[PDB]
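A.B. asks: just need the structure, nothing else, for what follows:
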Amino acid sequence: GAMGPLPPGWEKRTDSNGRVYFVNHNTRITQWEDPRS
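C.D. replies: Residues are numbered from 1 along each chain as shown. Take a look:
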């Protein structure tokens, strides 16, 4: 994670679709963004 992708212990990946996506699985969360706060 770090000051980069998957900040809050997140499963993020950057495929050449070349976009940054975020898969956070608490209940049901799916968005392509750093969740910072």
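A.B. asks: can I get the CA coordinates of stretch 30-37 in CSV?
C.D. replies: Included here for stretch 30-37 are C-alpha records, laid out as CSV according to Å, rounded to 0.1, in the frame of the first residue of the first chain:
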residue,chain,number,x,y,z
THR,A,30,-15.9,-2.1,-5.3
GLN,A,31,-14.5,1.2,-6.6
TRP,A,32,-11.4,2.2,-8.5
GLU,A,33,-9.9,4.8,-6.1
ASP,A,34,-7.4,5.1,-3.3
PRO,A,35,-9.7,5.1,-0.1
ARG,A,36,-7.3,7.4,1.8
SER,A,37,-9.6,8.4,4.7
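A.B. asks: how far away from the center of its chain is it?
C.D. replies: Using Cα atoms, centre = their mean, to the nearest Å, the distance from the centre of stretch 30-37 to the centre of the chain it belongs to is 5 Å.
A.B. asks: what residue lies at the spatial centre of this structure?
C.D. replies: When Cα atoms, centre = their mean is applied to the chain, the residue found nearest the centroid is residue 22 (2.5 Å).
A.B. asks: list the contacts of that residue.
C.D. replies: Applying Cβ atoms under 8 Å, 6 or more residues apart in numbering to residue 22 gives the contacts 5, 6, 10, 11, 12, 29, 30, 31, 32, 33, 34, 35. Any C-beta I mention is one placed from the backbone N, CA and C, and that applies to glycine too.
A.B. asks: okay, the residues you listed in CSV with secondary structure next?
C.D. replies: Output for those, formatted as CSV (DSSP: H, G, I helix; E, B strand; the rest coil):
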residue, secondary structure
5, coil
6, coil
10, coil
11, strand
12, strand
29, strand
30, strand
31, strand
32, coil
33, coil
34, coil
35, coil
